[PDB]
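First comes one chain, alone, set out as structure tokens in the form deposited in one PDB entry.
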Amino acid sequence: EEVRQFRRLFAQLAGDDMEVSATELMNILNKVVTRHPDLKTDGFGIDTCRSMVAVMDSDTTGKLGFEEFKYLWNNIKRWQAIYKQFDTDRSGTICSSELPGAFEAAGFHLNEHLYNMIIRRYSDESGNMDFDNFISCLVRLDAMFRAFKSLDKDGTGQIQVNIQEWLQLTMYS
């Protein structure tokens, strides 16, 4: 019944326009995090969810269709399990000492410099990251690796991006 239950979840969440908006996404994430007192969060806010939608909206409809939403949801299901596992003291938050192992478990092997930038952008003044910040960072990180991979057809590890493409990739994010 897994396929069936999920199609049902998408149908009811997407509603009358058959796609998942930022508001719909915000609502479901917040509902689910209500049941997980181990995930400390101030909530998923609408601007975070608009960025989430835009980076996952690869056909540029403004909203998440079934396959887009399925990809996002399955990544979050995995990433939440990682966050719980790497929260090796039950603060409910991922501190700087815990972050590299968490990201590496998700398949993101970054260097100290990158980890440092991520912490400045997504963690608080103590270096702790809450759950909605952790998911919004990973959704973006995954999308940016995928964008790079899409543009590096020749597998040279360098991509050439023109201004139109630069603006599209950065503004619709």
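Throughout, we count residues from 1 along the sequence that is shown. Rigid core: the largest C-alpha set superposing within 1.5 Å between the two forms.
Same protein, other form: the form deposited in another entry, not shown, and the subject of what follows.
Of the residues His36, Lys70, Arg146, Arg121, just one CA atom moves 2 angstroms or more between the shown form and the other one under rigid-core superposition; it belongs to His36. After superposition on the rigid core, displacement of the C-alpha of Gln158 between the shown form and the other one stays below 2 Å.
Core-superposed comparison between the shown form and the other one: the C-alpha position of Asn27 differs by less than 2 Å. The Cα shift for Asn111 between the shown form and the other one, taken after rigid core superposition, is smaller than 2 angstroms.
Compared with the form shown here, the C-alpha atoms of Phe6 and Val53 sit at least 3 Å closer together in the other form.
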